[PDB]
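Enquirer: Below you'll find the structure I mean.
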There are 2 protein chains.
Amino acid sequence: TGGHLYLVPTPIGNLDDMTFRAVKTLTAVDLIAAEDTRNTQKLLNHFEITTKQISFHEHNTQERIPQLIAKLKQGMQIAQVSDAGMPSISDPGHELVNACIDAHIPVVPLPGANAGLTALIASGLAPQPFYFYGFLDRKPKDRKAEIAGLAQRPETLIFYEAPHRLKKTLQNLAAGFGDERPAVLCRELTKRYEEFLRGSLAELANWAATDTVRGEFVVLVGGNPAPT
Amino acid sequence: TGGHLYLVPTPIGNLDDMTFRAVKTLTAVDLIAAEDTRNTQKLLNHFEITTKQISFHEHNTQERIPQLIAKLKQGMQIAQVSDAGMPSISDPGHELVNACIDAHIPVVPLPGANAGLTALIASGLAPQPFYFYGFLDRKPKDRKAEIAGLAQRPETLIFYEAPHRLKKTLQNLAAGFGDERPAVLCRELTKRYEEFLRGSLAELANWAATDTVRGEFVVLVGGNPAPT
């Protein structure tokens, strides 16, 4: 059996969100390439997986990718996992995938947890068509602009936001889209205090300024109801 | 404990793509609302789940939703599952979710299999931002038009297509986007003969005319490299 790269999703805060095939695959490969081996090691212990790990992240790629490709061309079975959910949505994973396609190594993606889509289905927002975006820009000036250039998308839009940034990002959202644009926040997805907060953007920006904001948020935004 | 609606993803052709929490949840609820109880019953047997089912699909919604809401307001724990993967992306599920939000019943989405995203991560196409679309229009005239109105999206686009329609849809894609637009087909995702075919749209339309086309396809299309 030739070398195969397996893309394996991991839980987003609930260990039972692991799949049977994820367990078997991580047990079966010769090596697991992880963003955070210390964090990943916790997951493997809980499922009693003994597979060795190798670190693989954004400070590693230029050194790690050729090492990984080489072991794959030798016939090694390798898994790539991220810190939470769906790997290879981000650059370091996506980059290893392209190297595999280039070296004609097969890539087997396992289906599994994705926070943006999991939130989407419970949001009450129209779940199809949809535009997954992720984090808005870190730089204040660059964010206000990428929002304005999205104010006409007619579909549900999906963002992620870090807690300390939620308030300001909701305000910009409301500035660039309109206060009365429907939206939904998903806090603590898959954990004890999982919570959806639904309302307008103005309404949710306000709420963000009054509360203890903890944990990563999914921020869902209804599309423009009359574009162009 | 109040009534809760659980949205539970099911495999897309591999039974190990089931999650631990999916098993526990379907074991724990009082009732499971399924698109195809006969097909769903097979899944429950294999995991030895004995929970009763109730049919729920697009010919059922107007009768079933009020029945379901009522049992939820009584305190019943109910799960909704689709025929494959991620439920409540489609109308009948989405519609039950809105009724829950309206009646202030909690909705707990479980993370799980989604064919469009699972393909995406192995495609070699830029996986972020992305625009999940699903099936293009059934009516020939309405398809050629919805394609032209997407020819400027700069992100990866994700469609689904039925086998007998793959050839014609690839041709229209190439007519409305340009022959040289990069694309990827994902055939038999998660099954024995799982396969990604990567190349230009012209290239893949051609291939569709020469081969035995079986099973549902994911069809991924790179974004316009210079919009507007």
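In the structure tokens, each chain is lettered A, B, ... as it comes, each chain's residues begin at 1, and ligands are numbered from 1 in order of appearance.
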Can you give chain B as a PDB file with C-alpha atoms, in the first residue's frame after you superpose it on chain A, pairing all C-alpha atoms in order for the least-squares fit?
Expert:
```pdb
ATOM      1  CA  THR B   1       0.000   0.000   0.000  1.00  0.00           C
ATOM      2  CA  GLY B   2       1.378   3.370  -1.164  1.00  0.00           C
ATOM      3  CA  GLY B   3       1.696   6.366   1.103  1.00  0.00           C
ATOM      4  CA  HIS B   4      -1.620   8.101   1.759  1.00  0.00           C
ATOM      5  CA  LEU B   5      -2.184  11.359   3.631  1.00  0.00           C
ATOM      6  CA  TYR B   6      -5.309  11.188   5.894  1.00  0.00           C
ATOM      7  CA  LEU B   7      -6.963  14.479   6.891  1.00  0.00           C
ATOM      8  CA  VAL B   8      -8.578  13.750  10.303  1.00  0.00           C
ATOM      9  CA  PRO B   9     -11.069  16.163  12.026  1.00  0.00           C
ATOM     10  CA  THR B  10     -10.931  16.300  15.793  1.00  0.00           C
ATOM     11  CA  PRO B  11     -13.562  17.446  18.352  1.00  0.00           C
ATOM     12  CA  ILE B  12     -14.307  21.164  18.950  1.00  0.00           C
ATOM     13  CA  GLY B  13     -14.604  20.779  22.677  1.00  0.00           C
ATOM     14  CA  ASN B  14     -16.606  17.527  23.074  1.00  0.00           C
ATOM     15  CA  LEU B  15     -14.607  14.276  22.955  1.00  0.00           C
ATOM     16  CA  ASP B  16     -17.607  12.224  21.755  1.00  0.00           C
ATOM     17  CA  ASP B  17     -17.655  14.299  18.582  1.00  0.00           C
ATOM     18  CA  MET B  18     -14.849  11.948  17.508  1.00  0.00           C
ATOM     19  CA  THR B  19     -15.733   9.370  14.794  1.00  0.00           C
ATOM     20  CA  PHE B  20     -15.041   5.612  14.832  1.00  0.00           C
ATOM     21  CA  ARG B  21     -12.973   6.022  11.655  1.00  0.00           C
ATOM     22  CA  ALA B  22     -11.050   8.859  13.176  1.00  0.00           C
ATOM     23  CA  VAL B  23     -10.007   6.556  16.077  1.00  0.00           C
ATOM     24  CA  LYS B  24      -9.165   3.650  13.698  1.00  0.00           C
ATOM     25  CA  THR B  25      -7.259   5.926  11.277  1.00  0.00           C
ATOM     26  CA  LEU B  26      -5.188   7.606  13.971  1.00  0.00           C
ATOM     27  CA  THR B  27      -4.513   4.084  15.392  1.00  0.00           C
ATOM     28  CA  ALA B  28      -3.550   2.729  11.993  1.00  0.00           C
ATOM     29  CA  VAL B  29      -1.237   5.381  10.479  1.00  0.00           C
ATOM     30  CA  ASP B  30       2.519   5.220  11.221  1.00  0.00           C
ATOM     31  CA  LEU B  31       2.726   8.928  12.150  1.00  0.00           C
ATOM     32  CA  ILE B  32       0.413  11.835  13.048  1.00  0.00           C
ATOM     33  CA  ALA B  33       1.289  15.398  11.979  1.00  0.00           C
ATOM     34  CA  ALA B  34      -0.252  17.786  14.575  1.00  0.00           C
ATOM     35  CA  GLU B  35      -0.427  21.562  15.098  1.00  0.00           C
ATOM     36  CA  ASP B  36      -0.056  21.086  18.859  1.00  0.00           C
ATOM     37  CA  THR B  37       1.357  17.763  19.921  1.00  0.00           C
ATOM     38  CA  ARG B  38       0.829  18.488  23.636  1.00  0.00           C
ATOM     39  CA  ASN B  39      -2.848  19.245  23.078  1.00  0.00           C
ATOM     40  CA  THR B  40      -3.235  16.435  20.509  1.00  0.00           C
ATOM     41  CA  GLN B  41      -1.507  13.971  22.923  1.00  0.00           C
ATOM     42  CA  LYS B  42      -4.431  14.426  25.315  1.00  0.00           C
ATOM     43  CA  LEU B  43      -6.903  13.295  22.678  1.00  0.00           C
ATOM     44  CA  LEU B  44      -4.831  10.181  21.818  1.00  0.00           C
ATOM     45  CA  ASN B  45      -4.516   9.154  25.447  1.00  0.00           C
ATOM     46  CA  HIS B  46      -8.257   9.349  25.966  1.00  0.00           C
ATOM     47  CA  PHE B  47      -8.726   6.993  23.025  1.00  0.00           C
ATOM     48  CA  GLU B  48      -5.601   4.951  23.912  1.00  0.00           C
ATOM     49  CA  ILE B  49      -3.904   5.724  20.556  1.00  0.00           C
ATOM     50  CA  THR B  50      -0.103   5.171  20.733  1.00  0.00           C
ATOM     51  CA  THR B  51       0.816   6.492  17.317  1.00  0.00           C
ATOM     52  CA  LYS B  52       3.848   8.786  17.306  1.00  0.00           C
ATOM     53  CA  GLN B  53       3.382  12.449  16.497  1.00  0.00           C
ATOM     54  CA  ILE B  54       5.323  15.066  14.595  1.00  0.00           C
ATOM     55  CA  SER B  55       4.695  18.767  14.993  1.00  0.00           C
ATOM     56  CA  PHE B  56       3.354  20.564  12.016  1.00  0.00           C
ATOM     57  CA  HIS B  57       2.266  24.197  12.013  1.00  0.00           C
ATOM     58  CA  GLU B  58       2.921  27.583  10.370  1.00  0.00           C
ATOM     59  CA  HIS B  59       6.454  27.969  11.701  1.00  0.00           C
ATOM     60  CA  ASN B  60       7.280  24.475  10.471  1.00  0.00           C
ATOM     61  CA  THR B  61       5.936  24.104   6.971  1.00  0.00           C
ATOM     62  CA  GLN B  62       9.041  24.766   4.898  1.00  0.00           C
ATOM     63  CA  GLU B  63      10.994  22.199   6.859  1.00  0.00           C
ATOM     64  CA  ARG B  64       8.178  19.720   7.587  1.00  0.00           C
ATOM     65  CA  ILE B  65       6.496  19.374   4.181  1.00  0.00           C
ATOM     66  CA  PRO B  66       9.552  17.866   2.382  1.00  0.00           C
ATOM     67  CA  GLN B  67      10.115  15.573   5.396  1.00  0.00           C
ATOM     68  CA  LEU B  68       6.509  14.413   5.184  1.00  0.00           C
ATOM     69  CA  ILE B  69       6.381  13.958   1.433  1.00  0.00           C
ATOM     70  CA  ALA B  70       9.584  11.879   1.669  1.00  0.00           C
ATOM     71  CA  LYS B  71       8.080   9.465   4.218  1.00  0.00           C
ATOM     72  CA  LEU B  72       4.931   9.270   2.090  1.00  0.00           C
ATOM     73  CA  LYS B  73       6.948   8.388  -1.079  1.00  0.00           C
ATOM     74  CA  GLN B  74       8.546   5.645   1.053  1.00  0.00           C
ATOM     75  CA  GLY B  75       5.074   4.246   1.637  1.00  0.00           C
ATOM     76  CA  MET B  76       4.299   5.604   5.079  1.00  0.00           C
ATOM     77  CA  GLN B  77       0.701   6.136   6.230  1.00  0.00           C
ATOM     78  CA  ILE B  78       0.396   9.615   7.768  1.00  0.00           C
ATOM     79  CA  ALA B  79      -2.463  11.560   9.389  1.00  0.00           C
ATOM     80  CA  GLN B  80      -2.724  15.321   9.667  1.00  0.00           C
ATOM     81  CA  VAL B  81      -4.896  16.805  12.482  1.00  0.00           C
ATOM     82  CA  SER B  82      -5.433  20.427  13.601  1.00  0.00           C
ATOM     83  CA  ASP B  83      -5.995  21.715  17.096  1.00  0.00           C
ATOM     84  CA  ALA B  84      -9.797  21.592  16.703  1.00  0.00           C
ATOM     85  CA  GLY B  85     -12.218  20.260  14.050  1.00  0.00           C
ATOM     86  CA  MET B  86     -11.520  20.261  10.301  1.00  0.00           C
ATOM     87  CA  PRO B  87      -7.796  20.279   9.277  1.00  0.00           C
ATOM     88  CA  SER B  88      -6.433  21.749   6.034  1.00  0.00           C
ATOM     89  CA  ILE B  89      -8.868  24.568   5.946  1.00  0.00           C
ATOM     90  CA  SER B  90      -5.864  26.635   7.122  1.00  0.00           C
ATOM     91  CA  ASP B  91      -2.662  27.313   5.184  1.00  0.00           C
ATOM     92  CA  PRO B  92      -0.174  24.789   6.676  1.00  0.00           C
ATOM     93  CA  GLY B  93      -2.547  21.847   6.001  1.00  0.00           C
ATOM     94  CA  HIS B  94      -3.732  23.164   2.610  1.00  0.00           C
ATOM     95  CA  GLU B  95      -0.065  23.559   1.653  1.00  0.00           C
ATOM     96  CA  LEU B  96       0.740  19.935   2.585  1.00  0.00           C
ATOM     97  CA  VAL B  97      -2.288  18.784   0.549  1.00  0.00           C
ATOM     98  CA  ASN B  98      -1.001  20.564  -2.609  1.00  0.00           C
ATOM     99  CA  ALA B  99       2.399  19.016  -2.143  1.00  0.00           C
ATOM    100  CA  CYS B 100       0.654  15.605  -2.056  1.00  0.00           C
ATOM    101  CA  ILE B 101      -1.307  16.308  -5.209  1.00  0.00           C
ATOM    102  CA  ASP B 102       1.958  17.406  -6.820  1.00  0.00           C
ATOM    103  CA  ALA B 103       3.813  14.283  -5.756  1.00  0.00           C
ATOM    104  CA  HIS B 104       0.798  12.082  -6.667  1.00  0.00           C
ATOM    105  CA  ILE B 105       0.241  10.914  -3.112  1.00  0.00           C
ATOM    106  CA  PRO B 106      -3.428  10.159  -2.393  1.00  0.00           C
ATOM    107  CA  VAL B 107      -5.230  12.433   0.145  1.00  0.00           C
ATOM    108  CA  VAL B 108      -8.104  10.792   2.098  1.00  0.00           C
ATOM    109  CA  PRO B 109     -10.245  13.419   3.871  1.00  0.00           C
ATOM    110  CA  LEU B 110     -12.336  12.002   6.753  1.00  0.00           C
ATOM    111  CA  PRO B 111     -15.636  13.733   7.379  1.00  0.00           C
ATOM    112  CA  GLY B 112     -15.920  15.397  10.842  1.00  0.00           C
ATOM    113  CA  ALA B 113     -16.508  18.458  13.091  1.00  0.00           C
ATOM    114  CA  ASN B 114     -16.629  21.991  11.531  1.00  0.00           C
ATOM    115  CA  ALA B 115     -17.809  24.761  13.846  1.00  0.00           C
ATOM    116  CA  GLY B 116     -19.093  27.145  11.128  1.00  0.00           C
ATOM    117  CA  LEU B 117     -21.431  24.561   9.532  1.00  0.00           C
ATOM    118  CA  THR B 118     -22.523  22.975  12.837  1.00  0.00           C
ATOM    119  CA  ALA B 119     -23.618  26.411  14.054  1.00  0.00           C
ATOM    120  CA  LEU B 120     -25.213  27.154  10.676  1.00  0.00           C
ATOM    121  CA  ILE B 121     -27.728  24.352  10.858  1.00  0.00           C
ATOM    122  CA  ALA B 122     -29.131  25.578  14.202  1.00  0.00           C
ATOM    123  CA  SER B 123     -28.953  29.274  13.448  1.00  0.00           C
ATOM    124  CA  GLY B 124     -32.414  29.780  11.895  1.00  0.00           C
ATOM    125  CA  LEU B 125     -30.602  31.559   9.092  1.00  0.00           C
ATOM    126  CA  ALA B 126     -31.094  30.214   5.522  1.00  0.00           C
ATOM    127  CA  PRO B 127     -28.402  27.502   5.454  1.00  0.00           C
ATOM    128  CA  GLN B 128     -28.015  27.150   1.642  1.00  0.00           C
ATOM    129  CA  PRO B 129     -26.257  28.904  -0.367  1.00  0.00           C
ATOM    130  CA  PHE B 130     -23.659  29.981   2.152  1.00  0.00           C
ATOM    131  CA  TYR B 131     -20.358  31.732   2.334  1.00  0.00           C
ATOM    132  CA  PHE B 132     -17.855  30.549   4.888  1.00  0.00           C
ATOM    133  CA  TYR B 133     -15.295  33.276   5.627  1.00  0.00           C
ATOM    134  CA  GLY B 134     -13.665  32.614   8.997  1.00  0.00           C
ATOM    135  CA  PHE B 135     -11.818  35.374  10.832  1.00  0.00           C
ATOM    136  CA  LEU B 136     -12.144  38.935   9.690  1.00  0.00           C
ATOM    137  CA  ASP B 137      -8.898  40.856   9.307  1.00  0.00           C
ATOM    138  CA  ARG B 138      -6.687  41.513  12.323  1.00  0.00           C
ATOM    139  CA  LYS B 139      -5.809  45.060  11.145  1.00  0.00           C
ATOM    140  CA  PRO B 140      -8.630  47.515  12.021  1.00  0.00           C
ATOM    141  CA  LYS B 141      -8.464  49.425   8.659  1.00  0.00           C
ATOM    142  CA  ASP B 142      -8.432  46.203   6.597  1.00  0.00           C
ATOM    143  CA  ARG B 143     -11.532  44.819   8.400  1.00  0.00           C
ATOM    144  CA  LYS B 144     -13.896  47.778   7.863  1.00  0.00           C
ATOM    145  CA  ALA B 145     -13.044  47.476   4.134  1.00  0.00           C
ATOM    146  CA  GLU B 146     -13.501  43.678   3.672  1.00  0.00           C
ATOM    147  CA  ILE B 147     -16.904  44.028   5.317  1.00  0.00           C
ATOM    148  CA  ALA B 148     -18.058  46.796   2.897  1.00  0.00           C
ATOM    149  CA  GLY B 149     -16.984  44.547   0.006  1.00  0.00           C
ATOM    150  CA  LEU B 150     -19.317  41.835   1.305  1.00  0.00           C
ATOM    151  CA  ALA B 151     -22.338  43.941   2.070  1.00  0.00           C
ATOM    152  CA  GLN B 152     -24.105  42.818  -1.080  1.00  0.00           C
ATOM    153  CA  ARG B 153     -23.574  39.025  -0.830  1.00  0.00           C
ATOM    154  CA  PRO B 154     -27.170  37.768  -0.708  1.00  0.00           C
ATOM    155  CA  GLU B 155     -26.348  34.518   1.249  1.00  0.00           C
ATOM    156  CA  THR B 156     -25.813  33.647   4.873  1.00  0.00           C
ATOM    157  CA  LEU B 157     -22.216  34.579   5.822  1.00  0.00           C
ATOM    158  CA  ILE B 158     -20.165  32.759   8.458  1.00  0.00           C
ATOM    159  CA  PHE B 159     -17.357  34.331  10.443  1.00  0.00           C
ATOM    160  CA  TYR B 160     -15.272  33.358  13.456  1.00  0.00           C
ATOM    161  CA  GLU B 161     -14.208  35.815  16.149  1.00  0.00           C
ATOM    162  CA  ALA B 162     -12.016  35.757  19.224  1.00  0.00           C
ATOM    163  CA  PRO B 163     -13.773  36.915  22.499  1.00  0.00           C
ATOM    164  CA  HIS B 164     -11.778  40.117  23.118  1.00  0.00           C
ATOM    165  CA  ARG B 165     -12.642  41.220  19.545  1.00  0.00           C
ATOM    166  CA  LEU B 166     -16.347  40.344  19.412  1.00  0.00           C
ATOM    167  CA  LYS B 167     -17.725  43.782  20.397  1.00  0.00           C
ATOM    168  CA  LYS B 168     -15.751  45.827  17.872  1.00  0.00           C
ATOM    169  CA  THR B 169     -16.340  43.362  15.044  1.00  0.00           C
ATOM    170  CA  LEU B 170     -20.095  43.348  15.680  1.00  0.00           C
ATOM    171  CA  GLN B 171     -20.080  47.167  15.506  1.00  0.00           C
ATOM    172  CA  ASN B 172     -18.184  47.242  12.207  1.00  0.00           C
ATOM    173  CA  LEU B 173     -20.556  44.535  10.897  1.00  0.00           C
ATOM    174  CA  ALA B 174     -23.473  46.797  11.793  1.00  0.00           C
ATOM    175  CA  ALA B 175     -21.731  49.858  10.306  1.00  0.00           C
ATOM    176  CA  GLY B 176     -21.031  48.191   6.962  1.00  0.00           C
ATOM    177  CA  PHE B 177     -24.146  46.007   6.607  1.00  0.00           C
ATOM    178  CA  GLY B 178     -26.821  48.031   8.492  1.00  0.00           C
ATOM    179  CA  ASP B 179     -27.938  47.773  12.147  1.00  0.00           C
ATOM    180  CA  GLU B 180     -31.075  45.845  11.208  1.00  0.00           C
ATOM    181  CA  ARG B 181     -29.273  42.967   9.460  1.00  0.00           C
ATOM    182  CA  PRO B 182     -30.198  39.624  11.147  1.00  0.00           C
ATOM    183  CA  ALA B 183     -27.381  37.729  12.777  1.00  0.00           C
ATOM    184  CA  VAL B 184     -26.620  34.921  15.212  1.00  0.00           C
ATOM    185  CA  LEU B 185     -23.746  34.238  17.634  1.00  0.00           C
ATOM    186  CA  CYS B 186     -22.793  30.710  18.643  1.00  0.00           C
ATOM    187  CA  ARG B 187     -20.903  30.604  21.863  1.00  0.00           C
ATOM    188  CA  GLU B 188     -19.388  27.450  23.421  1.00  0.00           C
ATOM    189  CA  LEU B 189     -20.433  25.104  20.600  1.00  0.00           C
ATOM    190  CA  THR B 190     -20.626  21.462  21.775  1.00  0.00           C
ATOM    191  CA  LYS B 191     -19.828  22.302  25.359  1.00  0.00           C
ATOM    192  CA  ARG B 192     -21.910  22.490  28.590  1.00  0.00           C
ATOM    193  CA  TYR B 193     -22.959  26.092  28.129  1.00  0.00           C
ATOM    194  CA  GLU B 194     -23.443  26.054  24.400  1.00  0.00           C
ATOM    195  CA  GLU B 195     -25.626  28.981  23.387  1.00  0.00           C
ATOM    196  CA  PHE B 196     -27.125  30.670  20.366  1.00  0.00           C
ATOM    197  CA  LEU B 197     -27.971  34.351  20.583  1.00  0.00           C
ATOM    198  CA  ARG B 198     -30.189  35.543  17.733  1.00  0.00           C
ATOM    199  CA  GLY B 199     -31.072  39.059  16.792  1.00  0.00           C
ATOM    200  CA  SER B 200     -30.024  42.078  14.769  1.00  0.00           C
ATOM    201  CA  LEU B 201     -26.391  43.201  14.538  1.00  0.00           C
ATOM    202  CA  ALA B 202     -27.020  46.428  16.476  1.00  0.00           C
ATOM    203  CA  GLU B 203     -28.759  44.252  19.121  1.00  0.00           C
ATOM    204  CA  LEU B 204     -25.839  41.855  19.377  1.00  0.00           C
ATOM    205  CA  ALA B 205     -23.109  44.513  19.320  1.00  0.00           C
ATOM    206  CA  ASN B 206     -24.876  46.055  22.352  1.00  0.00           C
ATOM    207  CA  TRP B 207     -25.069  42.774  24.143  1.00  0.00           C
ATOM    208  CA  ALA B 208     -21.315  42.222  23.587  1.00  0.00           C
ATOM    209  CA  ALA B 209     -20.530  45.475  25.448  1.00  0.00           C
ATOM    210  CA  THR B 210     -22.569  44.412  28.528  1.00  0.00           C
ATOM    211  CA  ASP B 211     -21.324  40.886  29.056  1.00  0.00           C
ATOM    212  CA  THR B 212     -18.450  38.718  30.150  1.00  0.00           C
ATOM    213  CA  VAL B 213     -17.271  37.576  26.720  1.00  0.00           C
ATOM    214  CA  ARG B 214     -15.480  34.219  26.830  1.00  0.00           C
ATOM    215  CA  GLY B 215     -14.537  31.488  24.331  1.00  0.00           C
ATOM    216  CA  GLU B 216     -14.434  31.575  20.541  1.00  0.00           C
ATOM    217  CA  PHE B 217     -17.608  32.615  18.772  1.00  0.00           C
ATOM    218  CA  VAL B 218     -19.161  31.649  15.505  1.00  0.00           C
ATOM    219  CA  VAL B 219     -20.788  34.824  14.109  1.00  0.00           C
ATOM    220  CA  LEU B 220     -23.482  34.152  11.447  1.00  0.00           C
ATOM    221  CA  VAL B 221     -25.015  37.066   9.379  1.00  0.00           C
ATOM    222  CA  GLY B 222     -28.053  36.902   7.086  1.00  0.00           C
ATOM    223  CA  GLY B 223     -27.473  38.010   3.505  1.00  0.00           C
ATOM    224  CA  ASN B 224     -28.494  41.267   2.007  1.00  0.00           C
ATOM    225  CA  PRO B 225     -32.263  41.029   1.306  1.00  0.00           C
ATOM    226  CA  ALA B 226     -31.868  43.405  -1.699  1.00  0.00           C
ATOM    227  CA  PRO B 227     -28.262  43.519  -3.279  1.00  0.00           C
ATOM    228  CA  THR B 228     -26.409  45.742  -5.809  1.00  0.00           C
TER     229      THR B 228
END
```
Enquirer: Please, which residues of chain B, numbered as in this document, come out helix (DSSP H, G or I) from DSSP, as a PyMOL selection string?
Expert: chain B and resi 15-17+20-28+37-46+61-73+91-102+115-123+140-148+163-177+201-210
Enquirer: Write a file of the just-selected residues containing C-alpha atoms, as a compact mmCIF listing (two decimals), in the first residue's frame.
Expert:
```
# COMPACT_ATOMS: atom_id res chain seq x y z
CA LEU B 15 -20.62 3.62 8.81
CA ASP B 16 -17.50 4.49 10.85
CA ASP B 17 -18.03 8.14 9.96
CA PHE B 20 -19.81 8.52 19.60
CA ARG B 21 -22.20 11.36 20.47
CA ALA B 22 -24.33 10.59 17.49
CA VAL B 23 -24.78 6.99 18.78
CA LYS B 24 -25.46 8.18 22.38
CA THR B 25 -27.86 10.93 21.23
CA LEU B 26 -29.88 8.67 18.95
CA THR B 27 -29.94 6.12 21.84
CA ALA B 28 -31.03 8.74 24.34
CA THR B 37 -37.12 5.48 8.05
CA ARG B 38 -36.35 2.29 6.08
CA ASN B 39 -32.87 3.54 5.21
CA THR B 40 -32.36 5.11 8.67
CA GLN B 41 -33.51 1.82 10.34
CA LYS B 42 -30.46 0.11 8.84
CA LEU B 43 -28.12 2.55 10.55
CA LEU B 44 -29.83 2.08 13.95
CA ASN B 45 -29.67 -1.69 13.73
CA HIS B 46 -25.95 -1.62 13.02
CA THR B 61 -43.70 19.05 6.85
CA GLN B 62 -47.04 20.79 7.22
CA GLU B 63 -48.44 17.87 9.15
CA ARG B 64 -45.27 16.77 10.97
CA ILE B 65 -43.88 20.07 12.27
CA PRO B 66 -46.87 20.87 14.58
CA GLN B 67 -46.84 17.24 15.77
CA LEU B 68 -43.15 17.54 16.59
CA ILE B 69 -43.31 20.93 18.26
CA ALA B 70 -46.17 19.62 20.43
CA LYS B 71 -44.13 16.66 21.71
CA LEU B 72 -41.20 19.01 22.30
CA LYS B 73 -43.37 21.43 24.38
CA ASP B 91 -35.80 22.89 3.63
CA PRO B 92 -37.78 20.35 5.74
CA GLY B 93 -35.12 20.36 8.50
CA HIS B 94 -34.44 24.12 8.28
CA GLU B 95 -38.20 24.66 8.58
CA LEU B 96 -38.43 22.51 11.74
CA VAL B 97 -35.48 24.45 13.21
CA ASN B 98 -37.28 27.82 12.72
CA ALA B 99 -40.39 26.43 14.34
CA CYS B 100 -38.21 25.49 17.34
CA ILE B 101 -36.66 28.93 17.55
CA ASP B 102 -40.18 30.36 17.37
CA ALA B 115 -19.71 15.95 1.71
CA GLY B 116 -19.01 19.43 0.26
CA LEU B 117 -16.51 20.41 3.00
CA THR B 118 -14.91 16.95 3.28
CA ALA B 119 -14.17 17.05 -0.45
CA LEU B 120 -13.01 20.67 -0.17
CA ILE B 121 -10.14 19.94 2.16
CA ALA B 122 -8.61 17.38 -0.24
CA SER B 123 -9.34 19.25 -3.44
CA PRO B 140 -31.94 23.74 -18.16
CA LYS B 141 -32.68 27.48 -18.81
CA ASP B 142 -32.48 28.38 -15.10
CA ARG B 143 -29.07 26.66 -14.69
CA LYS B 144 -27.18 28.42 -17.51
CA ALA B 145 -28.33 31.71 -15.90
CA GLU B 146 -27.42 30.99 -12.23
CA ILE B 147 -23.95 30.01 -13.43
CA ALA B 148 -23.40 33.32 -15.33
CA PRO B 163 -24.48 11.20 -12.20
CA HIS B 164 -26.82 11.38 -15.22
CA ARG B 165 -26.45 15.20 -15.14
CA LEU B 166 -22.69 15.53 -14.62
CA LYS B 167 -21.69 15.89 -18.31
CA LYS B 168 -24.15 18.65 -19.20
CA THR B 169 -23.50 20.59 -16.00
CA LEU B 170 -19.74 20.49 -16.55
CA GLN B 171 -20.27 21.88 -20.07
CA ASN B 172 -22.46 24.74 -18.86
CA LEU B 173 -19.89 25.42 -16.11
CA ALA B 174 -17.22 25.69 -18.80
CA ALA B 175 -19.49 27.83 -21.02
CA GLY B 176 -20.27 30.34 -18.27
CA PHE B 177 -16.94 30.39 -16.40
CA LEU B 201 -13.61 22.35 -16.62
CA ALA B 202 -13.24 21.65 -20.35
CA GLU B 203 -10.98 18.70 -19.36
CA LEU B 204 -13.52 17.30 -16.92
CA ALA B 205 -16.58 17.85 -19.14
CA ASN B 206 -14.75 15.73 -21.76
CA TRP B 207 -13.96 13.03 -19.30
CA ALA B 208 -17.64 12.87 -18.25
CA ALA B 209 -18.67 12.07 -21.84
CA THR B 210 -16.23 9.11 -22.07
```
Enquirer: I need the strand (DSSP E or B) residues of range 72-200 of chain B per DSSP on the backbone, written as a PyMOL selection string.
Expert: chain B and resi 77-81+85+107-109+130-135+156-161+182-187+195-200
